[PDB]
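Under the UniProt record's numbering, the residue at position 144 of the sequence shown is numbered 145, and the numbers go up by one with no gaps. Every residue, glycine too, gets a C-beta built ideally from N, C-alpha and C. First the structure, in the form of structure tokens, and then the observations on it.
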Amino acid sequence: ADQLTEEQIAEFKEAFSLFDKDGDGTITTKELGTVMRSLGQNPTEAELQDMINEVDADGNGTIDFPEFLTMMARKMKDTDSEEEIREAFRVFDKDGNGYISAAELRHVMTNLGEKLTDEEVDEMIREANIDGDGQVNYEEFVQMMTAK
């Protein structure tokens, strides 16, 4: 669960820094809207308040960088997902740098849970361009998951 893409997250942290009271990096619901505006968006104190009213139970009342991503992803509705997927595979890439196990891979399909039931993912994993024992070019699986 790395939320948006590392890049968008990089520029986000920057904003999260421009606004940092605890000196650590977190911010207060009050500066929230101010941070969202700095990122490059233009939310409304209304919806912005709708999210705060929720995270207003952390105990301290302040929001941390991660929690801020969550509320930030709800407005942007994540990306093309191609990111959460690519990483889903790296979670196993043991130096292979280009291939992952087919078994574990099947597990990745369980985490995402798109629209390819085991039967669909099976017919695929069955011939995902394999050749060795059970390796799979996750890279090809990342795009081949969308195809036409």
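Positions of the alpha helix (DSSP H) runs, each at least 4 residues long and wholly inside the segment 57–110, are given as 66–77, 83–91 in order along the chain.
Exclusion of the five residues before and after residue 52 leaves 72 as the residues of its chain whose Cβ lies within less than 6 Å of its Cβ. Assignment of beta-bridge partners to residue 28 by DSSP yields 64. DSSP places residue 11 inside the alpha helix (DSSP H), whose first and last residues are 7–19. Contact annotation: residue 30 and residue 62 have beta-carbon atoms nearer than 8 Å.
For residue 40 against residue 13, the beta-carbon gap comes to about 6 Å, under 8 Å, which counts as contact. With respect to the C-alpha of residue 105, the residue from 76, 69, 142 having the closest C-alpha is 142. In this structure, the beta-carbon distance from residue 131 to residue 137 falls below 8 Å.
Straight-line spacing of the CA atoms in residue 10 and residue 95 works out to 25 Å. Beta-bridge analysis with DSSP links residue 136 to 102. Contact check for residue 80 against residue 5 passes: the beta carbons are separated by less than 8 Å.
Boundaries of the alpha helix (DSSP H) harbouring residue 121: 119–126, taken from the DSSP string.
Taking the C-beta atoms as reference points, residue 89 is found no nearer than 8 Å to residue 135. About 13 Å separates the Cβ atoms of residue 56 and residue 48, ruling out a contact at the 8 Å cut-off.
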